[PDB]
Amino acid sequence: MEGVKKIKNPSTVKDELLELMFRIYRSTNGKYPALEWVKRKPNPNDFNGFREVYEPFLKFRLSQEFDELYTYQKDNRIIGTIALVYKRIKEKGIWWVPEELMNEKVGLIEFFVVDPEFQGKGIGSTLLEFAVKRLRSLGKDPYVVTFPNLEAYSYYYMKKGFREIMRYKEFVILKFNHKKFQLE
Amino acid sequence: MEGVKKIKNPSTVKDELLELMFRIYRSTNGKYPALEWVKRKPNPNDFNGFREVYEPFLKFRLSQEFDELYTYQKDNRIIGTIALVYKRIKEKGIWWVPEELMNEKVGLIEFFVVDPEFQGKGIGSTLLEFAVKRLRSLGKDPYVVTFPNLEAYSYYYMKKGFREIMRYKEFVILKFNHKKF
């Protein structure tokens with residue numbers, strides 16, 4: 001048995017979600033989920049370090065930020081998630097949200113992920129489609145945020161001695177730094 | 001045996017490279033290799049459509065863009081690649097680089113990939129480190145070009161009807177356009 005399932009009280013699945021987010025952090029080698037408020041990011045295989053710096057963030061989002069949390073479950077197991085934020089965005093304090101998106105027709109989608117062992121199974125499409133329609137039925141337009149510095153090559157090169165020097169056109173040029181490389 | 005091999009005549013392993021690159025195309029669901037000029041990218045599992053659009057580029061690059069091509073092999077099997085461009089870069093038709101950065105001190109690293117089956121085994125590091133060293137020796141400062149739009153989330157969302165509306169240094173906001181979807 002499987003399917004989309006709404007979580008009545010998002011905070012009650014924090015532990016299960018925490019572990020799902022860690023497996024993703026490890027599978028993506030520290031790429032996701034994003035840790036904007038973290039100076040030094042923990043090793044992707046370090047769960048304790050991950051939890052210590054992510055648990056507080058999740059606790060807050062599950063309690064206040066998220067207005068609706070949806071998950072894809074298979075036999076009572078969360079293998080996919082997606083959250084909606086639409087209740088008074090102007091007062092949500094969402095760090096990336098500009099004044100232009102602080103209006104009644106704005107709907108935010110976030111916390112969208114899929115268990116790394118269930119990719120290309122149609123789960124992401126089902127979740128996203130459900131989320132887009134849910135927001136629409138609420139008279140809201142769907143918006144999302146993304147972090148380009150997480151692009152695969154840039155991310156790899158960056159932690160390999162390269163530094164950003166230019167980003168003209170649809171490209172981002174990086175340059176190797178000898179002193180930065182050895183700094184590892 | 002295994003290790004890094006310098007391909008004397010890059011155009012000789014064109015077919016094997018095509019095969020490897022298609023495996024990457026399929027493994028990254030159409031993300032890599034980048035097909036910028038392509039308005040309508042072929043389905044990630046469509047080898048014929050992939051070749052028709054990518055093979056001509058690869059062919060040109062192997063013969064006219066790359067000055068040096070290195071691979072990492074396990075016997076005759078290519079499982080990693082990396083190329084160097086540092087000779088007369090102002091005359092290779094390169095469009096993904098600024099005119100201000102096309103001097104004799106510039107060295108370009110491209111065609112860097114590793115077979116999806118050999119991740120986290122040190123292959124990538126070995127090749128990159130080799131490339132960087134070789135470039136520095138020739139008195140060239142190594143540079144690479146990346147495509148931010150290929151970021152996992154962006155790429156996925158853009159494929160699902162999302163379009164960019166606002167851009168910031170650390171993030172980019174995307175809005176769903178039903179009328180377009």
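Naming: A, B, ... by sequence-line order, numbering from 1 per chain. These numbers come from the heavy atoms of this one structure, side chains and all, not from hydrogens, waters or symmetry mates.
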- Query: Does a side chain donor of either B/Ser11 or B/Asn9 reach within less than 3.5 Å of an acceptor in the other side chain?
  - Reply: yes
Electrostatic pair [X]-[Y], nearest N-O below 4.0 angstrom:
X: A/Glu129; Y: A/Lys133; result: yes
X: A/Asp67; Y: A/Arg134; result: no
X: B/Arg77; Y: B/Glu117; result: yes

Are the side chain of [X] and the backbone N or O of [Y] linked by a donor-acceptor pair below 3.5 Å?
X: B/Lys180; Y: B/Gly161; value: no
X: A/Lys105; Y: A/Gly139; value: yes
X: B/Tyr25; Y: B/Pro42; value: yes
X: B/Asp141; Y: B/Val106; value: no
X: B/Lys41; Y: B/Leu35; value: yes
X: B/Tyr86; Y: B/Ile109; value: no
X: B/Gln119; Y: B/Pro116; value: yes
X: A/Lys140; Y: A/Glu104; value: yes

- Query: Which atom names give the shortest non-hydrogen contact between B/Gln73 and B/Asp75, and what distance separates them?
  - Reply: NE2-O, 3.0 Å
- Message: Which heavy atom of B/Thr81 sits nearest to which heavy atom of B/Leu20, and what is that distance?
- Response: CG2-CD2, 3.7 Å
- Taking the six-membered ring for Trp and the full ring for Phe, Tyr or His, determine whether the centres of B/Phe118 and B/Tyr72 are under 6.0 Å apart. no
Are more than 12 heavy atoms, taken from residues, nucleotides or ligands other than [X], located less than 6.0 Å from that residue's [atom1] atom?
X: B/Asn48; atom1: CG; value: yes
X: B/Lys5; atom1: NZ; value: no
X: B/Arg163; atom1: CZ; value: no
X: A/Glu55; atom1: CD; value: yes
X: B/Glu164; atom1: CD; value: yes
X: A/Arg167; atom1: CZ; value: no

- Message: My understanding is that only residues two or more places apart in sequence, or in another chain, count here; which of them pass side-chain hydrogen bond (donor to acceptor under 3.5 Å, both in side chains) with B/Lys87?
- Response: none
Output the distance between atom [atom1] ([X]) and atom [atom2] ([Y]), rounded to the nearest 0.5 Å.
X: B/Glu100; Y: A/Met166; atom1: CD; atom2: CE; result: 5.5 Å
X: B/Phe22; Y: B/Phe50; atom1: CZ; atom2: CZ; result: 7.5 Å
X: B/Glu16; Y: B/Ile78; atom1: CD; atom2: CD1; result: 3.5 Å

- Are B/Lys31 and B/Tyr155 in a cation-pi contact, defined as NZ or CZ under 6.0 Å from the six-membered ring centre and within 45° of the axis? yes
